[PDB]
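Heads up: the structure comes next, in structure tokens.
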Amino acid sequence: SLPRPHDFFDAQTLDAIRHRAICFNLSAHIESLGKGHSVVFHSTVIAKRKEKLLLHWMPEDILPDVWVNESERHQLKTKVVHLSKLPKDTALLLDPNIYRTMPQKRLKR
Amino acid sequence: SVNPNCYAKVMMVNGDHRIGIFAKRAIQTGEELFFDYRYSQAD
Amino acid sequence: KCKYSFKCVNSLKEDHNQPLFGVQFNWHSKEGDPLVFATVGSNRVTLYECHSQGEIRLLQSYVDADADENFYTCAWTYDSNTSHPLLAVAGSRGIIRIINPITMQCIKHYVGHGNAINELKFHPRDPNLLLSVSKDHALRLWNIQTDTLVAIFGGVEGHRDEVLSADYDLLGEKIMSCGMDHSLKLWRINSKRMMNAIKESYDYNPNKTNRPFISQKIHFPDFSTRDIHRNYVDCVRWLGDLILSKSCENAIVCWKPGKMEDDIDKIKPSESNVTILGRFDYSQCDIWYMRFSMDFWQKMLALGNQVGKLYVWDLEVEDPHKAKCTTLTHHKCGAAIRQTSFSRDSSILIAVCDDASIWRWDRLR
Amino acid sequence: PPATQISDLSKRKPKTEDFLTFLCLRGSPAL
Amino acid sequence: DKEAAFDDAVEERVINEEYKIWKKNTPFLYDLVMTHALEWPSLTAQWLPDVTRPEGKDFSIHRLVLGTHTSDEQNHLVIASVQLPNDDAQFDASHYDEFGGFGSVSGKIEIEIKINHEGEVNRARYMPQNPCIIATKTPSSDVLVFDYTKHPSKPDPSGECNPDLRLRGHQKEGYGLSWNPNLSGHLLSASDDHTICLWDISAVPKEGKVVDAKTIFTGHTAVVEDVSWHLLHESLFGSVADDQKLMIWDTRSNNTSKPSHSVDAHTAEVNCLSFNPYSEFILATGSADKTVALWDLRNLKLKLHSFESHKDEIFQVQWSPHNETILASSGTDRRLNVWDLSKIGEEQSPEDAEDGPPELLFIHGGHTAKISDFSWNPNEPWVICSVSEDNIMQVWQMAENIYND
Amino acid sequence: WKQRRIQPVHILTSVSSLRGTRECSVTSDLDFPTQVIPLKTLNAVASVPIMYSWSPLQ
Amino acid sequence: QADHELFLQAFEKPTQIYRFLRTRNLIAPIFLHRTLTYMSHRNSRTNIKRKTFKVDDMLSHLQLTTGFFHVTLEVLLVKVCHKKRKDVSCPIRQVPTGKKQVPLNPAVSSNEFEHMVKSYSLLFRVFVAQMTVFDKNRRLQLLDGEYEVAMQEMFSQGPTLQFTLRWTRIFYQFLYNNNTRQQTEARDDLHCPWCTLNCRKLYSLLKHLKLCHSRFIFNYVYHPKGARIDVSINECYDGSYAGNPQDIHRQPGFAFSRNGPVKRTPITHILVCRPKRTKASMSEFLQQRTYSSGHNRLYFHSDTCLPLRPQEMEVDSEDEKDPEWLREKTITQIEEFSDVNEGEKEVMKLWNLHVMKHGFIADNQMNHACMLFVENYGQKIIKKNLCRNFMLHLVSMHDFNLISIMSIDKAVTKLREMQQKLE
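In order, the protein sequences belong to chains A, B, C, D, E, F and G. Going by the UniProt record's numbering, the letters in the first sequence line up with residues 390 to 440, 446 to 503, in that order. The opening position of the second sequence corresponds to residue 690 in the UniProt record's numbering, with each subsequent residue numbered one higher. The opening position of the third sequence corresponds to residue 77 in the UniProt record's numbering, with each subsequent residue numbered one higher. The opening position of the fourth sequence corresponds to residue 139 in the UniProt record's numbering, with each subsequent residue numbered one higher. Going by the UniProt record's numbering, the letters in the fifth sequence line up with residues 3 to 99, 104 to 411, in that order. The opening position of the sixth sequence corresponds to residue 60 in the UniProt record's numbering, with each subsequent residue numbered one higher. Going by the UniProt record's numbering, the letters in the seventh sequence line up with residues 80 to 139, 156 to 160, 162 to 166, 182 to 217, 231 to 238, 243 to 254, 295 to 322, 349 to 362, 427 to 544, 553 to 689, in that order.
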């Protein structure tokens with residue numbers, strides 16, 4: 390019979406997808422400690438409250459930095475958040491391979 | 690195919706033999722045609 | 077005996093480790109610009125740049141292993157609008173890819189061949205004319221500048237079998253095409269129709285007109301012969317006004333069309349008695365699909381050998397083919413050379429084996 | 139039986155220095 | 003830049019793979035899957051209310067107005083003939099092939119009238135009172151009104167057929183158009199020149215080759231991407247532009263610069279606007295802020311359950327006339343997001359919240375390019391027709407399994 | 060040939076794994092270090108079924 | 080090991096491709112899996128439209160401060192926004208402050237902020297300092313309490355400016435053409451390993467895998483303890499280009515570039531006619555016959571392998587009664603005669619070419635054929651002066667019937683005008 394016409398996907402973008410996935414895993418390890426369905430991150434004490447603390451997370455506009463109590467920070471320094479609950483404002487800035495308009499450069503309107 | 694949509698019949702025109710291709714059924718627009726090779730020498 | 081003496085500088089290898097067919101030097105490079113060449117193999121083409129003092133280096137390597145592709149030719153050219161070197165590659169499936177090593181991006185892809193493209197050559201007067209001797213029992217002339225099929229040589233009495241390679245004259249006045257049908261027919265480009273079609277393609281645009289490009293199918297060549305080579309002929313060239321065609325007869329016979337006195341340009345199409353003058357003879361070179369090449373000044377003609385030996389022919393001297401010339405041997409030559417290429421200046425030549433392992437030589441000068 | 143399927147299979151898209159150690163850094167793709 | 007082209011290629015193949023995946027869930031999500039690719043590329047869709055189901059032909063005579071979006075080859079205006087499976091769909095019936107339940111051979115998508123056009127066709131809004139008159143929007147300053155019956159079929163090898171009604175009131179390219187269901191005529195058109203134009207039409211004078219704009223609504227600073235009337239009440243309509251104001255304009259108010267409703271309703275560009283006949287108060291609007299939000303006519307300052315589910319500019323919203331608590335929205339995200347209010351302000355299982363907002367119910371993902379128009383079927387309850395810029399016109403019905411009891 | 064020059068082809072060694080993909084292994088047989096170059100993969104094109112040339116006739 | 084390593088790589092590559100495709104599906108799914116009528120296990124929310132839409136309304156100061165620990184400094188604001196259509200990147204506006212002669216290793233908050245802007249943040253310079301003032305989820309951050317805010321190079351041991359901040427048993431079997439199975443378990447109850455989907459039971463996973471991951475073919479086999487599911491890439495996988503076929507063979511830099519409008523042939527497709535809307539069956543876990559109409563493909567030119575544009579569909583018959591090579595062969599054969607005269611050869615070539623190019627088969631029209639020579643070639647016969655040869659040839663047909671004496675007279679008189687016109 391006639392074989393598959395042509396694999397339009399993965400002709401050239403397979404390596405770009407691997408690079409993006411490598412960057413994502415190295416930055417967040419969401420596939421390792423994020424349980425696959427949530428964002429894994431590492432926190433550090435950038436700020437604190439004279440008496446709470448600020449376990450700021452490294453990825454900017456990906457895993458938001460929150461404010462927690464001193465004992466609360468010392469216990470749950472790392473917060474794991476589902477991608478479903480991630481904000482929609484910075485999700486687009488998190489990675490450019492999720493949704494970007496292809497033909498919007500011209501025509502469109 | 691075993692169920693062609695066309696058939697061949699040779700007709701003698703003006704003292705000459707010329708093969709004419711004829712449709713077996715009402716063929717709708719734009720499909721891939723057929724012809725039973727068993728009719729010809731090369732089946 | 078010849079007044080030439082080359083010396084090897086340095087070599088290299090390739091990632092794919094596959095046979096390499098298409099190889100030429102960048103003869104279009106002028107003084108000052110370091111010499112470069114190209115080689116092919118598997119689905120990954122590789123370039124290189126080897127400096128003086130016996131040193132070699134690599135610069136680029138493009139892979140096209142998305143499908144089961146394969147490369148056959150690496151014809152060199154250049155783009156007048158950009159003054160950048162170009163490298164056209166084709167084979168296997170039959171897509172003519174025009175790589176641009178400077179920007180490392182593909183430029184043009186060409187479809188329409190019924191089988192694998194076997195050879196490629198460029199028009200000396202116009203760098204935009206590439207001759208593709210396709211395997212579909214025909215030969216094709218493409219116009220890269222306007223992306224049209226200028227002329228489809230073949231028809232009722234043309235290319236009974238696959239056309240392997242076709243060359244150009246000293247000025248490109250006449251075209252000969254060796255083939256697999258024992259044919260050496262000279263599809264001349266001297267008729268007025270060919271020039272008119274070339275001009276039309278020069279001022280043609282597929283967007284402008286709805287109808288396709290009206291190609292010219294040359295069913296009948298301006299001259300033909302079937303008795304010079306007993307077997308199929310794979311390489312052809314134009315030694316001056318004579319013919320430098322080559323077949324599996326381990327000889328590049330230097331014959332002339334017609335009788336011994338009649339002009340080639342005025343030979344009648346019905347002539348059936350050509351005359352042979354001489355042939356350069358060697359041994360252990362009986363394999364098929366190999367390409368030979370002379371220099372720019374025609375004084376040095378070279379052909380590869382499957383054993384590994386290399387030959388250079390001195391043709392600037394008087395008289396027809398004679399003497400014994402010089403044979404070049406390399407310390408690391410074990411495989412089959414598929415294409416040899418000198419430089420524009422008589423200083424540098426590199427042979428390429430069936431592992432994309434270029435061995436570059438430098439003449440004493 | 140490498141417990142969770144992710145920890146042994148999804149370590150193929152990040153198949154370089156992004157596996158975050160764990161069983162992925164070990165012989166997860168192989169036996 | 004090389005990176006931009008690389009990303010565009012990656013996203014193009016990603017969209018292709020997503021569409022190929024979406025094809026497989028056709029039987030388990032919808033009821034009918036009809037998609038016909040117009041010869042002249044699709045840019046608009048509509049639904050003429052003509053219906054006829056003769057005895058022995060269970061299919062109803064269905065007509066839809068397609069578009070023409072090629073560069074320039076004798077630009078046309080295509081009207082195709084479509085069919086519906088009806089109650090006796092005859093899934094197999096040992097006779098599926104035309105099928106025993108509907109037309110499955112010969113005139114499945116047959117063309118009826120193809121009048122030549124001069125330029126592009128943007129909208130295909132017909133007069134619902136008299137389905138014979140069909141309008142068209144062109145890049146020129148004038149709109150085109152045709153008549154598929156008066157104009158002959160089988161166009162000659164020539165273009166720019168005279169439509170006998172050219173409404174020239176605009177200046178720049180037009181992109182919006184809507185008719186008045188209650189009153190015959192009153193075609194409102196919104197263009198890119200920051201204005202919305204009104205043509206009275208109706209009692210068109212004989213040999214009306216030139217028609218001036220009866221009224222012009224130029225109150226939005228930026229380009230109005232769509233203007234739609236209120237389905238329940240014909241004395242008022244709504245306008246919206248890039249200035250982030252899903253305004254509502256009341257006709258015969260003696261004020262063409264200040265809209266009656268000045269609710270911003272967003273912060274970024276807002277393009278779409280519609281209403282609902284059954285839901286006399288529930289509305290919808292598409293926007294750049296990806297925050298299509300229902301609004302109440304009596305209480306519009308407050309925000310209802312903002313269906314924050316889009317991902318970019320939305321160019322089209324509409325609500326189903328058949329039901330009451332169903333709306334829809336499509337835009338540049340090549341998704342026709344169908345809204346639902348009966349689940350607004352309510353909770354559910356965690357998996358239900360993971361799927362999305364409980365209020366949002368359906369989203370159609372069978373497009374590869376930007377959606378330019380979509381419409382429900384007036385006759386059939388769930389049948390939806392949506393078009394994009396990939397030259398694909400689809401007719402489909404959302405599954406009735408979910409809305410049982 | 061000597062009428063006009065050409066643009067100097069520096070033949071620069073591309074980049075050093077710009078996309079983080081596989082790199083070339085040019086293991087020079089002579090005593091030279093192996094050169095590494097990212098494999099700049101090129102896009103593919105749709106093929107065509109094989110056939111031969113035929114003579115039109117009526 | 081050689082073959083083994085190659086097989087491992089050639090199994091990974093399709094598995095890896097599907098992995099990235101599913102992670103993209105994991106990152107952003109396309110359609111709500113709850114609307115799938117068969118996937119009733121998950122998202123079993125209440126379905127009661129009694130809550131009609133008519134009930135819509137009811138239903139729906157800081158005082159900071162010191163010096164670095166190890182100099183005029185300024186505090187700037189860094190703002191992240193939403194990437195709109197006009198601007199590819201999010202606009203950033205900077206609102207810095209003044210400088211003070213703070214001691215080198217020995231503040232009152234302003235109403236700069238207070243919905244286009246996503247968030248408000250402030251960054252110090254002491295010589296840089298980056299902080300996360302506001303979370304991306306509008307969560308509380310940079311709250312009250314004095315802290316030694318460390319300054320990033322280029349509390350902590352690094353330099354800081356002390357500021358008193360205040361308020362405001428399931429078994430999977432991966433396969434490829436039945437090569438070699440795999441052994442992977444499950445994490446969550448009926449969780450899809452590729453993309454996270456907590457199916458409540460197999461009724462939201464069984465056909466979900468097939469109808470949502472078309473790249474794989476699933477053969478559920480059931481397990482005594484749990485559910486056993488196999489995964490293998492479908493060989494056919496008609497996932498090629500699904501748009502305009504004219505962009506498949508376009509030149510690089512223009513293929514699939516979706517630059518602008520392209521003409522295409524009409525096509526009608528239908529593949530979901532009428533689902534039975536029946537209940538679940540176990541035997542289902544243990553023909554399509556799609557409908558197509560019209561021209562849904564790209565065509566080729568007859569002479570060569572060159573593709574035929576849809577604009578070239580008008581006639582493009584490429585059939586000819588007298589092809590050019592036929593005329594050339596006829597001329598060559600006529601001029602190659604060994605026992606013919608020059609005028610005889612010329613007139614014979616003329617008549618043979620006329621007969622081939624006109625394809626006369628009608629016997630009576632053969633008489634009219636003798637007239638046709640006058641219609642077009644009269645100037646050529648006048649110039650070449652071939653009156654005698656033409657007359658002899660015209661006479662040389664009564665031996666085979668056809669024509670008559672009257673036709674001969676008519677033809678001779680008709681040509682006589684041409685010679686007399688020259689005369």
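For every residue, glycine included, the Cβ atom is placed at its ideal position computed from N, Cα and C.
Pair within 8 Å by beta-carbon distance, residue i and residue j
i                      : j                      : result
residue 256 of chain C : residue 242 of chain C : no
residue 87 of chain C  : residue 408 of chain C : yes
residue 456 of chain A : residue 488 of chain A : yes
residue 314 of chain C : residue 245 of chain C : yes
residue 331 of chain E : residue 132 of chain G : yes
residue 400 of chain A : residue 142 of chain C : yes
residue 157 of chain C : residue 118 of chain C : no
Chain G contact for residue i (CB, 8 Å cutoff)
i                      : result
residue 142 of chain D : yes
residue 166 of chain D : no
Test: residue i CB closer than 8 Å to a CB of chain D
i                     : result
residue 84 of chain G : no
8 Å Cβ cutoff, residue i in contact with chain F
i                      : result
residue 395 of chain A : yes
Proximity test, residue i beta-carbon vs the ligand PLP heavy atom, cut-off 7 Å
i                      : result
residue 130 of chain C : This structure simply doesn't include the ligand PLP, nor any ligand for that matter.
Chain E contact for residue i (CB, 8 Å cutoff)
i                      : result
residue 484 of chain A : no
Selected residue, minimal CA-CA separation from residue i, among the options
i                      : options                       : result
residue 140 of chain D : G:309, G:436, G:429 and G:647 : G:429
residue 565 of chain G : G:502, G:591, G:120 and G:431 : G:502
residue 86 of chain E  : E:106, E:74, E:226 and E:173  : E:106
residue 648 of chain G : G:201, G:684 and G:427        : G:684
residue 303 of chain C : C:344, C:260, C:415 and C:327 : C:260
residue 393 of chain A : G:490, G:641, G:494 and G:511 : G:494
residue 122 of chain E : E:137, E:131 and E:144        : E:144
residue 37 of chain E  : G:525, G:316, G:516 and G:519 : G:525
residue 47 of chain E  : E:389, E:345 and E:408        : E:389
Rounded separation between residue i and residue j - CA only
i                      : j                      : result
residue 427 of chain C : residue 111 of chain C : 14 Å
residue 87 of chain G  : residue 412 of chain A : 24 Å
residue 278 of chain C : residue 393 of chain C : 40 Å
residue 140 of chain E : residue 14 of chain E  : 35 Å
residue 143 of chain D : residue 499 of chain A : 41 Å
residue 581 of chain G : residue 569 of chain G : 15 Å
Proximity test, Cβ basis, 8 Å: residue i and chain A
i                      : result
residue 158 of chain D : yes
residue 313 of chain E : no
residue 314 of chain G : yes
residue 454 of chain G : yes
Interface residues of chain C facing residue i [CB-CB closer than 9 Å]
i                     : result
residue 64 of chain F : 106, 107, 108, 109 and 159
Chain B contact residues for residue i, given Cβ-Cβ distances below 9 Å
i                      : result
residue 560 of chain G : 718 and 719
Proximal residues of chain G, C-beta to C-beta of residue i below 7 Å
i                      : result
residue 468 of chain A : Ordered by position in chain G, no residue passes the 7 Å Cβ test against residue 468 of chain A, which lies about 14 Å from the chain.
Short CB-CB distance (under 8 Å) between residue i and chain C
i                     : result
residue 75 of chain F : no
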